[PDB]
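Colleague: Numbering (the authors' numbering), first residue to last: 1 to 30. Backbone N, C-alpha and C define an ideal beta-carbon position, used for all residues, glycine too.
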């Protein structure tokens with residue numbers, strides 16, 4: 001259980017994590 005997301009999932013969080021963090025970079029660092 002809780003292991004069927006894949007070994008890419010963390011990275012999916014990650015490429016996402018930076019992605020919206022860019023949007024927010026636009027508000028933060030601009």
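#1: In three-state terms, what does DSSP make of residue 3?
#2: What separation, rounded to the nearest whole angstrom, lies between the Cα atoms of residue 25 and residue 5?
#3: Quick check: what's the CA-CA separation for residue 8 versus residue 17?
Modeller: Put simply:
#1: Here residue 3 carries a coil assignment [DSSP, helix/strand/coil].
#2: 28 Å
#3: Roughly 13 Å between the two C-alpha positions.
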